[PDB]
Each structure stands twice: as structure tokens, then as C-alpha cells.
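> Here you go, this is protein.txt (compact mmCIF, N, CA and C atoms and all ligand atoms).
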```txt
# COMPACT_ATOMS: atom_id res chain seq x y z
N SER A 22 10.14 52.62 30.18
CA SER A 22 10.25 51.76 28.99
C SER A 22 9.29 50.60 29.04
N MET A 23 8.98 50.06 27.87
CA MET A 23 8.15 48.88 27.79
C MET A 23 8.87 47.65 28.37
N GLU A 24 10.20 47.55 28.21
CA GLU A 24 10.99 46.43 28.80
C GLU A 24 10.78 46.37 30.35
N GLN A 25 10.94 47.53 31.01
CA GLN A 25 10.64 47.70 32.44
C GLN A 25 9.22 47.27 32.83
N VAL A 26 8.23 47.79 32.15
CA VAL A 26 6.85 47.32 32.35
C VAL A 26 6.66 45.79 32.29
N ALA A 27 7.27 45.16 31.28
CA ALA A 27 7.13 43.70 31.10
C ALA A 27 7.77 42.91 32.26
N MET A 28 8.85 43.44 32.82
CA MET A 28 9.52 42.83 33.94
C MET A 28 8.65 42.93 35.17
N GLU A 29 8.02 44.09 35.30
CA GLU A 29 7.06 44.36 36.39
C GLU A 29 5.81 43.49 36.32
N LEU A 30 5.37 43.20 35.10
CA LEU A 30 4.22 42.29 34.92
C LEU A 30 4.61 40.86 35.35
N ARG A 31 5.82 40.42 35.00
CA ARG A 31 6.41 39.15 35.48
C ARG A 31 6.54 39.09 37.02
N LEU A 32 7.04 40.14 37.67
CA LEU A 32 7.11 40.23 39.13
C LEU A 32 5.73 40.10 39.75
N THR A 33 4.78 40.81 39.18
CA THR A 33 3.39 40.71 39.65
C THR A 33 2.77 39.34 39.51
N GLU A 34 3.01 38.68 38.39
CA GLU A 34 2.49 37.33 38.23
C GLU A 34 3.19 36.32 39.17
N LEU A 35 4.48 36.49 39.40
CA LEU A 35 5.18 35.67 40.37
C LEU A 35 4.55 35.89 41.76
N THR A 36 4.24 37.15 42.09
CA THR A 36 3.69 37.50 43.40
C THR A 36 2.36 36.84 43.58
N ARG A 37 1.53 36.81 42.52
CA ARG A 37 0.22 36.15 42.59
C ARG A 37 0.37 34.65 42.86
N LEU A 38 1.30 34.01 42.18
CA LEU A 38 1.55 32.59 42.38
C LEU A 38 2.09 32.27 43.81
N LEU A 39 3.05 33.08 44.28
CA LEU A 39 3.62 32.95 45.61
C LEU A 39 2.60 33.19 46.74
N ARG A 40 1.62 34.04 46.50
CA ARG A 40 0.53 34.20 47.45
C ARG A 40 -0.30 32.92 47.61
N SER A 41 -0.61 32.26 46.49
CA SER A 41 -1.33 31.01 46.54
C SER A 41 -0.44 29.89 47.17
N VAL A 42 0.86 29.89 46.87
CA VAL A 42 1.78 28.94 47.45
C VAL A 42 1.77 29.15 48.98
N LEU A 43 1.79 30.41 49.43
CA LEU A 43 1.86 30.74 50.84
C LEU A 43 0.58 30.37 51.57
N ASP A 44 -0.57 30.59 50.94
CA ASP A 44 -1.84 30.12 51.57
C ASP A 44 -1.88 28.63 51.73
N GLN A 45 -1.41 27.92 50.72
CA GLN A 45 -1.34 26.49 50.76
C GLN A 45 -0.37 25.97 51.82
N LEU A 46 0.74 26.68 52.01
CA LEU A 46 1.74 26.24 53.00
C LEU A 46 1.20 26.50 54.39
N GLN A 47 0.56 27.63 54.56
CA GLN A 47 0.04 27.98 55.83
C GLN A 47 -1.14 27.06 56.26
N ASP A 48 -1.86 26.44 55.32
CA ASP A 48 -2.94 25.49 55.67
C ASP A 48 -2.36 24.24 56.28
N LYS A 49 -1.08 24.00 56.05
CA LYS A 49 -0.40 22.91 56.66
C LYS A 49 0.04 23.16 58.09
N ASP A 50 -0.37 24.31 58.63
CA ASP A 50 -0.06 24.75 59.99
C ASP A 50 -1.37 25.17 60.63
N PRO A 51 -2.35 24.24 60.73
CA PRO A 51 -3.68 24.66 61.28
C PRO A 51 -3.63 25.18 62.74
N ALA A 52 -2.65 24.69 63.51
CA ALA A 52 -2.43 25.20 64.88
C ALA A 52 -1.85 26.64 64.96
N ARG A 53 -1.42 27.20 63.82
CA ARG A 53 -0.85 28.54 63.76
C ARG A 53 0.40 28.76 64.61
N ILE A 54 1.20 27.70 64.74
CA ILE A 54 2.51 27.78 65.41
C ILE A 54 3.49 28.75 64.73
N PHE A 55 3.42 28.84 63.40
CA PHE A 55 4.33 29.67 62.59
C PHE A 55 3.76 30.98 62.01
N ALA A 56 2.56 31.36 62.47
CA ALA A 56 1.80 32.49 61.96
C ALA A 56 2.41 33.84 62.22
N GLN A 57 3.06 33.98 63.36
CA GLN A 57 3.57 35.28 63.80
C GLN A 57 5.00 35.16 64.26
N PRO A 58 5.74 36.26 64.28
CA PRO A 58 7.06 36.18 64.90
C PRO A 58 7.09 35.63 66.34
N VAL A 59 8.20 34.98 66.68
CA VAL A 59 8.44 34.62 68.08
C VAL A 59 8.49 35.98 68.86
N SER A 60 7.71 36.07 69.94
CA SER A 60 7.73 37.26 70.82
C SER A 60 9.00 37.37 71.69
N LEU A 61 9.72 38.48 71.62
CA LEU A 61 10.89 38.69 72.48
C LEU A 61 10.46 38.98 73.90
N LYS A 62 9.22 39.41 74.09
CA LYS A 62 8.65 39.49 75.43
C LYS A 62 8.54 38.07 76.06
N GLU A 63 8.09 37.06 75.33
CA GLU A 63 7.92 35.68 75.91
C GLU A 63 9.12 34.66 75.75
N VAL A 64 10.09 35.02 74.90
CA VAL A 64 11.35 34.26 74.72
C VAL A 64 12.41 35.33 74.62
N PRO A 65 12.78 35.92 75.79
CA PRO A 65 13.66 37.10 75.71
C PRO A 65 15.03 36.80 75.13
N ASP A 66 15.49 35.57 75.30
CA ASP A 66 16.81 35.13 74.79
C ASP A 66 16.83 34.67 73.30
N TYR A 67 15.69 34.84 72.60
CA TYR A 67 15.51 34.16 71.29
C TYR A 67 16.60 34.50 70.31
N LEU A 68 16.99 35.77 70.29
CA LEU A 68 17.95 36.27 69.33
C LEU A 68 19.40 35.87 69.67
N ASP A 69 19.65 35.39 70.88
CA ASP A 69 20.93 34.78 71.18
C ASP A 69 21.02 33.41 70.48
N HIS A 70 19.87 32.75 70.22
CA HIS A 70 19.81 31.42 69.59
C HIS A 70 19.67 31.48 68.08
N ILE A 71 18.75 32.30 67.63
CA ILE A 71 18.33 32.36 66.25
C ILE A 71 18.67 33.72 65.65
N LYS A 72 19.53 33.68 64.64
CA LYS A 72 19.99 34.90 63.96
C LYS A 72 19.06 35.53 62.95
N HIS A 73 18.33 34.70 62.22
CA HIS A 73 17.39 35.20 61.23
C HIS A 73 15.98 34.59 61.48
N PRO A 74 15.24 35.12 62.45
CA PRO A 74 13.82 34.71 62.65
C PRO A 74 12.96 34.92 61.43
N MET A 75 11.99 34.02 61.27
CA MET A 75 11.07 34.12 60.19
C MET A 75 9.72 33.54 60.63
N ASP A 76 8.67 33.98 59.98
CA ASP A 76 7.29 33.53 60.27
C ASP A 76 6.42 33.88 59.06
N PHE A 77 5.21 33.36 59.01
CA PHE A 77 4.35 33.56 57.86
C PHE A 77 3.87 35.00 57.68
N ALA A 78 3.65 35.73 58.76
CA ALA A 78 3.24 37.13 58.62
C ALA A 78 4.33 38.01 58.02
N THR A 79 5.58 37.74 58.40
CA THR A 79 6.68 38.48 57.91
C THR A 79 6.85 38.12 56.39
N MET A 80 6.65 36.86 56.01
CA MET A 80 6.68 36.47 54.61
C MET A 80 5.59 37.21 53.82
N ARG A 81 4.37 37.24 54.38
CA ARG A 81 3.27 37.88 53.75
C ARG A 81 3.50 39.41 53.59
N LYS A 82 4.11 40.08 54.56
CA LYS A 82 4.45 41.51 54.40
C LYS A 82 5.43 41.68 53.22
N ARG A 83 6.49 40.87 53.19
CA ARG A 83 7.43 40.91 52.09
C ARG A 83 6.77 40.66 50.70
N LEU A 84 5.83 39.73 50.66
CA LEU A 84 5.13 39.34 49.46
C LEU A 84 4.32 40.48 48.90
N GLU A 85 3.60 41.17 49.76
CA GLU A 85 2.72 42.24 49.33
C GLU A 85 3.45 43.53 48.88
N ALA A 86 4.69 43.71 49.32
CA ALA A 86 5.58 44.69 48.75
C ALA A 86 6.31 44.14 47.50
N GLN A 87 5.81 43.04 46.92
CA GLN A 87 6.48 42.30 45.84
C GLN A 87 7.96 42.14 46.06
N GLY A 88 8.35 41.76 47.27
CA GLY A 88 9.75 41.64 47.67
C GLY A 88 10.42 40.31 47.40
N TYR A 89 9.71 39.32 46.83
CA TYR A 89 10.38 38.11 46.33
C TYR A 89 10.63 38.19 44.79
N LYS A 90 11.89 38.15 44.37
CA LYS A 90 12.24 38.27 42.94
C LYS A 90 12.10 36.94 42.25
N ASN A 91 12.22 35.83 43.00
CA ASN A 91 12.13 34.48 42.45
C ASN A 91 11.67 33.46 43.54
N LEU A 92 11.49 32.21 43.15
CA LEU A 92 11.01 31.18 44.08
C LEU A 92 12.09 30.82 45.06
N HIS A 93 13.34 30.82 44.61
CA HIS A 93 14.47 30.54 45.50
C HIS A 93 14.42 31.38 46.79
N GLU A 94 14.20 32.68 46.64
CA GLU A 94 14.13 33.60 47.78
C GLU A 94 12.98 33.27 48.77
N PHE A 95 11.82 32.96 48.22
CA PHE A 95 10.66 32.61 49.00
C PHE A 95 10.91 31.29 49.77
N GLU A 96 11.42 30.29 49.10
CA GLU A 96 11.84 29.02 49.70
C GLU A 96 12.86 29.15 50.81
N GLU A 97 13.85 30.02 50.64
CA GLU A 97 14.81 30.35 51.71
C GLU A 97 14.11 30.78 53.00
N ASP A 98 13.13 31.66 52.88
CA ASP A 98 12.36 32.17 54.04
C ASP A 98 11.50 31.05 54.64
N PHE A 99 10.88 30.24 53.79
CA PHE A 99 10.08 29.13 54.30
C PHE A 99 10.96 28.14 55.07
N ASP A 100 12.08 27.80 54.47
CA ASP A 100 13.06 26.98 55.14
C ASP A 100 13.58 27.52 56.50
N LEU A 101 13.78 28.84 56.63
CA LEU A 101 14.13 29.49 57.89
C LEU A 101 13.09 29.22 58.94
N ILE A 102 11.79 29.29 58.56
CA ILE A 102 10.71 29.01 59.53
C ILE A 102 10.91 27.62 60.17
N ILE A 103 11.17 26.64 59.30
CA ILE A 103 11.31 25.26 59.70
C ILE A 103 12.61 25.05 60.45
N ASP A 104 13.67 25.58 59.88
CA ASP A 104 14.99 25.26 60.37
C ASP A 104 15.22 25.94 61.73
N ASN A 105 14.69 27.15 61.93
CA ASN A 105 14.82 27.88 63.22
C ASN A 105 14.12 27.09 64.33
N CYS A 106 12.94 26.58 64.01
CA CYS A 106 12.14 25.86 64.95
C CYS A 106 12.82 24.55 65.43
N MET A 107 13.41 23.83 64.50
CA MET A 107 14.08 22.58 64.76
C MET A 107 15.39 22.72 65.48
N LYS A 108 15.93 23.93 65.51
CA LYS A 108 17.12 24.18 66.28
C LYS A 108 16.77 24.62 67.71
N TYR A 109 15.87 25.58 67.84
CA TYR A 109 15.45 26.15 69.16
C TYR A 109 14.71 25.12 69.98
N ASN A 110 13.79 24.38 69.36
CA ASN A 110 13.04 23.39 70.09
C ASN A 110 13.57 21.95 70.00
N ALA A 111 13.36 21.20 71.09
CA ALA A 111 13.79 19.82 71.13
C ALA A 111 12.88 18.92 70.33
N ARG A 112 13.44 17.80 69.97
CA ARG A 112 12.77 16.77 69.18
C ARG A 112 11.43 16.26 69.75
N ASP A 113 11.33 16.21 71.08
CA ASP A 113 10.12 15.71 71.71
C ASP A 113 9.01 16.78 71.95
N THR A 114 9.07 17.93 71.29
CA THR A 114 8.12 18.97 71.55
C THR A 114 7.09 19.07 70.45
N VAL A 115 5.94 19.62 70.83
CA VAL A 115 4.90 19.91 69.86
C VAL A 115 5.38 20.90 68.73
N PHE A 116 6.29 21.80 69.07
CA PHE A 116 6.81 22.77 68.10
C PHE A 116 7.66 22.09 67.05
N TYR A 117 8.60 21.26 67.50
CA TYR A 117 9.56 20.60 66.57
C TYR A 117 8.75 19.69 65.65
N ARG A 118 7.79 18.98 66.24
CA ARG A 118 6.97 18.08 65.48
C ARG A 118 6.06 18.79 64.45
N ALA A 119 5.55 19.97 64.79
CA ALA A 119 4.79 20.80 63.83
C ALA A 119 5.71 21.27 62.67
N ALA A 120 7.00 21.53 62.95
CA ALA A 120 7.95 21.87 61.89
C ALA A 120 8.20 20.69 60.93
N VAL A 121 8.42 19.50 61.47
CA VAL A 121 8.61 18.32 60.65
C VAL A 121 7.40 18.13 59.71
N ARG A 122 6.21 18.29 60.23
CA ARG A 122 5.00 18.08 59.46
C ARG A 122 4.80 19.12 58.35
N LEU A 123 5.14 20.35 58.66
CA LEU A 123 5.05 21.47 57.69
C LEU A 123 6.04 21.28 56.56
N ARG A 124 7.25 20.86 56.91
CA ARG A 124 8.30 20.55 55.96
C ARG A 124 7.84 19.45 54.97
N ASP A 125 7.45 18.30 55.53
CA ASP A 125 7.00 17.15 54.71
C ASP A 125 5.85 17.48 53.74
N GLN A 126 4.83 18.11 54.30
CA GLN A 126 3.66 18.52 53.56
C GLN A 126 3.93 19.70 52.63
N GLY A 127 4.81 20.60 53.06
CA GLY A 127 5.15 21.75 52.24
C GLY A 127 5.95 21.36 51.01
N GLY A 128 6.79 20.32 51.15
CA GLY A 128 7.61 19.78 50.06
C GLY A 128 6.84 19.41 48.80
N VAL A 129 5.64 18.85 49.00
CA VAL A 129 4.70 18.52 47.91
C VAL A 129 4.30 19.79 47.13
N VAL A 130 3.86 20.81 47.87
CA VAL A 130 3.40 22.08 47.30
C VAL A 130 4.54 22.73 46.50
N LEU A 131 5.71 22.79 47.11
CA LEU A 131 6.88 23.44 46.51
C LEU A 131 7.45 22.66 45.30
N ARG A 132 7.28 21.34 45.31
CA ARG A 132 7.69 20.50 44.19
C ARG A 132 6.99 20.93 42.88
N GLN A 133 5.68 21.22 42.97
CA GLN A 133 4.88 21.60 41.83
C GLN A 133 4.98 23.12 41.54
N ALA A 134 5.00 23.94 42.59
CA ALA A 134 5.28 25.36 42.44
C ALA A 134 6.57 25.58 41.59
N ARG A 135 7.62 24.78 41.79
CA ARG A 135 8.86 24.94 41.04
C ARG A 135 8.65 24.62 39.58
N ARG A 136 7.82 23.61 39.32
CA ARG A 136 7.41 23.29 37.95
C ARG A 136 6.57 24.46 37.36
N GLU A 137 5.61 25.03 38.11
CA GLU A 137 4.76 26.14 37.59
C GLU A 137 5.51 27.46 37.28
N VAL A 138 6.56 27.75 38.05
CA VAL A 138 7.37 28.98 37.89
C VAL A 138 8.32 28.88 36.68
N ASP A 139 8.93 27.70 36.50
CA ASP A 139 9.63 27.29 35.26
C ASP A 139 8.68 27.33 34.06
N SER A 140 7.58 26.58 34.19
CA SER A 140 6.60 26.36 33.13
C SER A 140 6.01 27.69 32.59
N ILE A 141 5.41 28.51 33.46
CA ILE A 141 4.87 29.83 33.03
C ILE A 141 5.96 30.91 32.90
N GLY A 142 7.18 30.63 33.35
CA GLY A 142 8.33 31.51 33.14
C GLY A 142 8.34 32.66 34.12
NA NA B 201 18.16 22.05 69.27
```
Take the structure in this file and express it as C-alpha cells.
Ligand code: NA

Amino acid sequence: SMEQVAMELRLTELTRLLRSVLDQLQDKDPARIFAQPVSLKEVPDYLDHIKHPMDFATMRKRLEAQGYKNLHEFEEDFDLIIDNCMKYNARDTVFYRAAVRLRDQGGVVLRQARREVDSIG
């Protein structure tokens, strides 16, 4: 149906916007602390601590399968990246501090992204 096609065109346009949002968020992590999943080879106990791991590559795989239906879903995953890090790592570490910085800087990007997704519908 044409109704189905139009919904698919909306999903595709959301995906295009979320890709640009994701590039912008990832530029706020120049050290690439959040680029890849935490390795279970190098933190074997990780899954005893963190129930829902997340990272930018896993977000990008989901994005390219057009697996985000709205901004809320994408934000949930971004927040997991930050929130997992701040729980596993202590306040005085380079990791926790990189999470704080990504959060603060990412908040700006997401503030306007929420306006653009509303605005363009
Ligand atoms: Na902690």
C-alpha cells in the first residue's frame, strides 16, 4: 500500500537524521572510549555488573538496519552508554570523566535533534 510506503519514507528520513546525530555524538568522544563494546575477554566479569551493555558500534549496526522507530529509542541507547560507564567505573577515572563530558556535550546535540524530529515530523 501507499500508506506503508509513506511510513517507510518517514523511517528512512528519521534514520538519516539519527545518523548525523550519531556522528555528532561520537565526535564528542575523540578518545574512542565508547566506540566498541566492552570486551568480555578483558573485563570477564562485566556482565555480572552491567545488564544491558551499549556502545556506538552497536548503535550504528541498529541504525543501519533502520532499527530505531523514534528518537526516544535512540536516546535510551545513548543514555545506556553513559549510565553503564558511570556505574562500572569510579568517579576518579578517565572513563567516568569521559562519560560526564559526553553527556554534557551530547545534551546540546540532543536538545536540537528533539526539535528537528518534532519540526520535520
Ligand atoms: Na560505581
> Within 5 Å of ligand NA 201 (chain B), counting only N, CA and C atoms and all ligand atoms, which protein or nucleic acid residues do you find, written as a list in words?
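Selection of residues at most 5 Å from ligand NA 201 (chain B): residues 107, 108, 109 and 110 of chain A.
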> Just the residues within 7 Å of range 95-104 of chain A, please, counting only N, CA and C atoms, with nothing from its chain fewer than 5 positions along; format it as a PyMOL selection string.
chain A and resi 73-76+89-90+109+120-121+124
> Counting all atoms listed in the file, which of A:81, A:87, A:114, A:122 gets nearest to residue 32 in chain A?
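The closest residue to residue 32 in chain A is A:87.
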> Between atom N of residue 79 in chain A and CA of residue 35 in chain A, measure the distance and give it in Å to one decimal.
18.2 Å
> What's the separation between atom N of residue 137 in chain A and atom N of residue 42 in chain A, in Å to one decimal place?
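So the answer is 11.1 Å.
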> Rank A:70, A:83, A:123, A:106 by their smallest atom-to-atom distance to residue 51 in chain A, using only C-alpha atoms, and report the top residue only.
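Among the listed residues, the smallest separation from residue 51 in chain A belongs to A:123.
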> Among range 75-115 of chain A, which ones does DSSP place in alpha helix (DSSP H), written as a ChimeraX atom specification?
/A:77-85,92-109,115
> Quick one: which range 22-114 of chain A residues come within 8 Å of range 126-133 of chain A, and what is the nearest atom pair for each with the distance in Å to one decimal, counting only C-alpha atoms, rows ordered by chain and ascending number, as JSON lines?

```
{"residue": "A:42", "atom": "CA", "partner": "A:130", "partner_atom": "CA", "distance": 7.1}
{"residue": "A:45", "atom": "CA", "partner": "A:130", "partner_atom": "CA", "distance": 7.3}
{"residue": "A:46", "atom": "CA", "partner": "A:127", "partner_atom": "CA", "distance": 5.7}
{"residue": "A:49", "atom": "CA", "partner": "A:126", "partner_atom": "CA", "distance": 6.7}
```
